[PDB]
Amino acid sequence: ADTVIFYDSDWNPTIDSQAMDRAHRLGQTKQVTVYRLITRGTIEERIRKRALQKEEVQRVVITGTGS
DNA sequence: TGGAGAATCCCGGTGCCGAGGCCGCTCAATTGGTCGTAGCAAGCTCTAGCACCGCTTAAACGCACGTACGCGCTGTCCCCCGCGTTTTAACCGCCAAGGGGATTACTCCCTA
């Protein structure tokens, strides 16, 4: 595959970040695009904004290297 | 009585599969101590169970006597058995479905 479409965002960004990795792995060679069908003016928006701010916390809690 | 044949026995061979025995764990039986009680022992009451007597009558019982009903005996038949043919569907195998339930995920708000 080369395209991932989320019909739905999840409350946990790690699960969608895992889901979209399925196409974006050491075997991939085409460009990958991810689309996300956020229906505007709905709680689909708040679900995505909450999931997106969690990803910042999860990036802050890995500010220091694990290398 | 005899006999033929069909039905049941018995003896040996084969297999399979379940019973009897082994092993891990656990959890539920046992050891030891505390505390409440419950039912066991004494003592009192007096309840109603037992025994006896005398009268009444109505229930029991011995016997007369019949006739109503039990049972053996005869006839009939019809309908259920026994056995051969036809047919069906019960049993087995294998796959399918899904349906239920327990675990896991994640928000929201009660309640401590």
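Side chains included, hydrogens not; waters and symmetry mates left out as well; all remaining heavy atoms used. Note on naming: letters A, B, ... go to the chains in the order of the sequence lines (proteins, then strands), and numbering restarts at 1 for each one.
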Can you tell me, in whole Å, how much space there is between the [atom1] of [N] and that of [M]?
N      : M      : atom1 : answer
B:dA90 : B:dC11 : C1'   : 34 Å
B:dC22 : B:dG98 : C1'   : 41 Å
B:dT26 : B:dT30 : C1'   : 15 Å

Check the distance between [N]'s [atom2] and [X]'s [atom1] and give it to me in whole angstrom.
X     : N       : atom1 : atom2 : value
A:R50 : B:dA105 : CZ    : P     : 18 Å
A:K49 : B:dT107 : NZ    : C1'   : 15 Å
A:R48 : B:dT107 : CZ    : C1'   : 18 Å
A:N12 : B:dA105 : CG    : P     : 10 Å
A:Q18 : B:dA105 : CD    : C1'   : 16 Å
A:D10 : B:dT104 : CG    : P     : 18 Å
A:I47 : B:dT107 : CD1   : P     : 10 Å

* Asked: For A:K49, does the NZ atom sit with more than 12 other heavy atoms under 6.0 Å from it, leaving out its own atoms?
  -> no
* **Minimum side-chain heavy-atom gap A:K30-A:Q28 below 4.5 Å** => yes
* To do: For the residue pair A:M20 and A:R36, establish whether any side-chain heavy-atom pair is separated by less than 4.5 Å.
  => yes
* Proximity to the side chain of A:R46 - top-ranked nucleotide from B:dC108, B:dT107, B:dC106 -> B:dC108
* To do: Rounded to the nearest 0.5 Å, what's the gap from CD1 on A:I47 to CH2 on A:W11? Could you check?
  => 4.5 Å
* To do: Would you indicate, yes or no, if B:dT107 has its OP1 or OP2 atom less than 4.0 angstrom from a side-chain nitrogen or oxygen of A:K54?
  => yes
* Can you figure out if B:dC94 has a north or south sugar, judging by whether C1'-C2'-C3'-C4' is positive or negative? => north
